[PDB]
Amino acid sequence: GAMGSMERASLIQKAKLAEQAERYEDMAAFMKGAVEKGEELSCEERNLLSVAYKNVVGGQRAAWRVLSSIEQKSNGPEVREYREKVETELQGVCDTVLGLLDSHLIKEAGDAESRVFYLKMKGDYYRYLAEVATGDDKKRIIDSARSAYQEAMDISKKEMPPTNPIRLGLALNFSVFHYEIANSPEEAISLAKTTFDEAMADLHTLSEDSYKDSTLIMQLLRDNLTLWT
Amino acid sequence: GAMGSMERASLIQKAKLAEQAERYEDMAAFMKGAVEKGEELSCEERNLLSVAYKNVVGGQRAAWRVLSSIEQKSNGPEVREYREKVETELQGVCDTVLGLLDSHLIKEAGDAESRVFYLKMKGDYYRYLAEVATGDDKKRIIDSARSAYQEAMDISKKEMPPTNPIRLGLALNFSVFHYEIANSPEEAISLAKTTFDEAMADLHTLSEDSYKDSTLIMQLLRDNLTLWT
Amino acid sequence: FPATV
Amino acid sequence: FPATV
Ligand SMILES: *CC(=O)NCC1CCN(C(=O)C2(Oc3ccccc3)CCCC2)CC1
Ligand SMILES: *CC(=O)NCC1CCN(C(=O)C2(Oc3ccccc3)CCCC2)CC1
Ligand SMILES: [Mg+2]
Ligand SMILES: [Mg+2]
Ligand SMILES: [Mg+2]
Ligand SMILES: [Mg+2]
């Protein structure tokens, strides 16, 4: 690939620099490069991968929502055309991420944390595809997201404590999936509440730093619950 | 060019959509396309061109400053390499803008407003080149910026009222050039103060809408003067 | 627009 | 960082 000639450590270093410069497209390219070196990623490296693509796709989703809103309120072909271009670009980014997961992140992920993180990611990028899909494709995409999230949940509940930030993050996102995507607000609320409640009871085992990581995500669960109830 | 197949009106419409979606790279591409249709730009179209490239180059300058700061404080080659890539990209954008001005915006600009706007732009993109240049190249780039700004000022003082937002904007930017680039803070302060004072005296001739445009830029002159004195 | 991570 | 337009 385009980053194939750069040292693995240099790609990671440059991803960190790109993050500091808020150059998220660059950061994603560097992290794609790093994945494509063929070695398993560390916890820090998974964070960098996730931050990079989440920010790129975040920007695309924000742009798409703006354009769709203008398209809706406008009901020439320029708005629909431009919305479709952004849509295609977003689809391309999701396909790239799913590709990375397929080649070969998930298949080599043997530990709970790595496997859950990647399965969570699979769920997230199908969820983004679902936001812009229609018809039968949408139904299949939605079910694919649900399958990935559910497998992640199953592993997380068996192998990780309820304060694990990856477990918490997964539940947060899967809860949003239920509410916004699958139109299952009771499942969304139940998942968020139970996740919060189980984590609360395990907080006493955490160092100050881990306590901060876990309670941050718990706040986001509360924030969403506040919106939904 | 890449946008050569799209209708002129559609390019402009899509630039406006891109602005709403904060897709400034897209906006710049659409406006480049529009310029390359060969017709003179309107006041609104010049605004769209300027907003698009100012935002793209703004992001690059912000990123470059972050990276340079990290490079400075770090005194491997990754920081210098990445800073140089961003630098080259910024240089490429400035070259594109200067190219548009050369092919053929300035030469066809016969009215005061169009010619001053484009000469101001020439000054701005040499100023951005100057921020990242060194040695003899830097001195020549700086002098090129100064020449463009000075010709713009000469036309503006002869042909435009002192409340004209293009005249005001020019003076604001040329003042910043003097202070930050040419190390002439007395010239910077004098230009900003005199511009503010001459505009103040002409405000009584403006409609409410023009009053708002002019006083906005006058506030920016005051803001800079506050920093400098 | 709900929180995700 | 001073204002420009
Ligand atoms: C060991 C490992 O793989 N760690 C991954 C990191 C876990 C902490 N973390 C976070 O808490 C935040 O993002 C995030 C949480 C859960 C899943 C995915 C991402 C970082 C800022 C918000 C929470 C980063 C990833
Ligand atoms: C007739 C014509 O060419 N008009 C150009 C516009 C003049 C108003 N304007 C502005 O006031 C702002 O930007 C700007 C001012 C001066 C020079 C260049 C840009 C818009 C927001 C800040 C002032 C837009 C351009
Ligand atoms: Mg489509
Ligand atoms: Mg359930
Ligand atoms: Mg250089
Ligand atoms: Mg003078």
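In order, the protein sequence lines correspond to chains A, A', B and B'. A prime marks a further copy of an entry chain. Counted the way PDB author numbering counts, the first sequence spans residues -4 to 70, 78 to 231. Counted the way PDB author numbering counts, the second sequence spans residues -4 to 70, 78 to 231. Quick note: to get PDB author numbering, add 590 to the position in the third sequence (first position is 1). Quick note: to get PDB author numbering, add 590 to the position in the fourth sequence (first position is 1). By construction, the Cβ of each residue, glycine as well, lies at the ideal position given by its N, Cα and C atoms.
Rounded distance between the beta-carbons of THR231 (chain A) and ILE191 (chain A), thought under 8 Å: 6 Å
Rounded to the nearest angstrom, what separates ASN175 (chain A) and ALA593 (chain B) at their Cα positions? 8 Å
Restricting to Cα atoms, I'd like to know which of A':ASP204, A':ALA29 and A':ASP21 is closest to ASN50 (chain A'). A':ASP21
Given this structure, state the Cα-to-Cα distance separating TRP59 (chain A') from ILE65 (chain A), to the nearest angstrom. 34 Å
Looking at C-alpha atoms only, which residue of A':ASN226, A':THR98 and A':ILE168 is the closest neighbour of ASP215 (chain A')? A':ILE168
Determine which residues of the region 215 to 231 of chain A have a Cβ less than 7 Å from any Cβ of chain B, and write them out in chain order. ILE219, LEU222, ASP225, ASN226 and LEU229
Rounded distance between the beta-carbons of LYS27 (chain A) and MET1 (chain A), thought under 8 Å: With 8 Å as the limit, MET1 (chain A) and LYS27 (chain A) do not qualify as a contact, their Cβ atoms being about 11 Å apart.
When you measure from the CB of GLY171 (chain A') to every non-hydrogen atom of ligand 2, does any distance come out below 7 Å? yes
By Cβ distance below 6 Å, which residues in the same chain neighbour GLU189 (chain A) in space, the five residues on each side in sequence not counted? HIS180
Are the beta-carbon atoms of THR165 (chain A) and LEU205 (chain A) separated by less than 8 Å? yes
So if I threshold CB-CB distances at 8 Å, which residues from the region 176 to 190 of chain A' count as touching chain B'? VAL178, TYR181 and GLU182
Under 7 Å, CB to nearest heavy atom of ligand 4: contacting residues: A:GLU189, A:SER192 and A:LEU193
Using CA coordinates, which residue listed in A':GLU80, A':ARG82, A':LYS122 and A':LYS87 is at the minimum distance from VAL99 (chain A')? A':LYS122
Delimiting residues of the alpha helix (DSSP H) encompassing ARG60 (chain A): 38 to 68
Leaving aside the five residues before and after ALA154 (chain A) along the sequence, list all residues of the same chain whose C-beta is less than 6 Å from its C-beta, in chain order. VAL118, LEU121, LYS122 and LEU172
At what residues does the alpha helix (DSSP H) containing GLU35 (chain A') begin and finish? From DSSP, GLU35 (chain A') is part of no alpha helix (DSSP H); its letter is neither H nor E.
Using the Cα positions of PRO163 (chain A) and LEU208 (chain A), report the straight-line distance between them to the nearest angstrom. 11 Å
Closer than 8 Å, Cβ to Cβ, to anything on chain B': give me those residues from the region 52 to 63 of chain A', in chain order. none
Helix, strand or coil for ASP204 (chain A')? Go by DSSP, reduced to three states. helix
Applying the criterion that 16 or more other CB atoms from any shown protein chain within 10 Å of the CB defines a buried residue, is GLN221 (chain A) buried or exposed? exposed
Which of the three DSSP states, helix, strand or coil, is assigned to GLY(-4) (chain A)? coil
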